[PDB]
Amino acid sequence: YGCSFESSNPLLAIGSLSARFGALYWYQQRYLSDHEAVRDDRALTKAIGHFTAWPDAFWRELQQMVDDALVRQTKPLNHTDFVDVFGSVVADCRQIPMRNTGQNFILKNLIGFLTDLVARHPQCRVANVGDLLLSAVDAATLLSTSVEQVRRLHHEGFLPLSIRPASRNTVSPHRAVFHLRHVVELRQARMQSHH
RNA sequence: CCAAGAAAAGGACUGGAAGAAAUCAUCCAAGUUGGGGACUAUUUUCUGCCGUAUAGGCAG
């Protein structure tokens, strides 16, 4: 009904109401997968405790699935889709309606993590994590901008395309084609703002 | 409920004999195909011991 908080240590304890609503919606689909039992009070009541160690737990949830994915590998990683390892955790960032990083704190932590992941895995002769392919709609989300802007950014040569398409065809938004390390670096280099 | 209704064309057979297509001949003269250009990339093949040895055999 209102916020009214002070000494807001948890990442769920600050902000405008729309964000506070979005954070709960996200928590629910992701951890309350059990079918509705109209436990309208009890089901959501737990979300606050959950977030109290967030700055240090979210990363472990992401780390766990890097390893479980790795041991099930069937192709060299540089032809593997980003989605096969992280399971659309990126798309879920779109459920909070705000676009910028300083307000959408879920996206802010996911990017933090991916930047570190790339940093500890530099390029060498054998491919490794960080060379995964992103689709056009994924870069748009990580770069905090609409899709048409990515097409314009490609056209000017600020980033490379890795898969050669056939002639008399087009690459659709859903096709996986940019390397992760290329997107992370470009964003640090030329996409920052006061937000 | 048809110019309606029914229906065994069968049996036999020696085309033969003979022949010279031939003589002649000039396809020639001329002619500008040319101008430009990346097979390597997100490659997988490293590190050692024995053996005179770029031979031959081996662990990871």
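Cβ coordinates were reconstructed from backbone atoms using ideal geometry, including for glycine residues, and neighbour counts include every protein chain displayed. Computed from the coordinates by the stated procedures, all read-outs in this text should not be read as laboratory data.
Farthest towards the positive end of the charge dipole of chain A, among the residues A:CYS124, A:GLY2, A:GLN29, is the Cα of A:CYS124, using unit charges on the Cβ of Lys, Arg, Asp and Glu. Evaluated at q = 0.18 Å⁻¹, the base-10 log of the normalised Debye intensity for region A:30-113, with identical point scatterers placed on the Cα atoms, takes the values -1.00.
Take the alpha carbon gyration tensor of chain A, find the square roots of its eigenvalues, order them as a ≥ b ≥ c, and report rounded if a/c is under 1.5; if not, report prolate when a/b exceeds b/c, else oblate. Because a/c hits 1.5 or more and a/b exceeds b/c, chain A counts as prolate.
Per-residue ellipticity at 222 nm from helix content only, as computed over chain A with -39500 (n - 2.57) for each DSSP H run of at least four residues, stands at -12000 deg cm²/dmol.
Summary value for chain A: 20 percent relative contact order, contacts being C-alpha pairs under 8 angstrom separated by 6+ residues. Looking only at GluC sites (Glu not before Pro) in DSSP loops with at most 13 other Cβ atoms within 10 Å, what is the longest site-free stretch of chain A? Excluding the exposed sites themselves, the longest stretch runs over A:37-155. Remark: relative contact order (region A:1-96) = 34 percent; criterion is Cα-Cα distance under 8 angstrom and separation of 6 or more residues. Tell me the trypsin sites (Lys or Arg not before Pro) within region A:65-159 that lie in a loop according to DSSP and have at most 15 other beta-carbon atoms within 10 Å. For trypsin sites (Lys or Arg not before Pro) across region A:65-159 that sit outside H, G, I, E and B with at most 15 neighbouring Cβ atoms in 10 Å, the list reads A:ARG72, A:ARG99, A:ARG120, A:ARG125. Taking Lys and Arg as +1 and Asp and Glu as -1, the other residues whose beta-carbon sits under 15 Å from that of A:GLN192 total +3.
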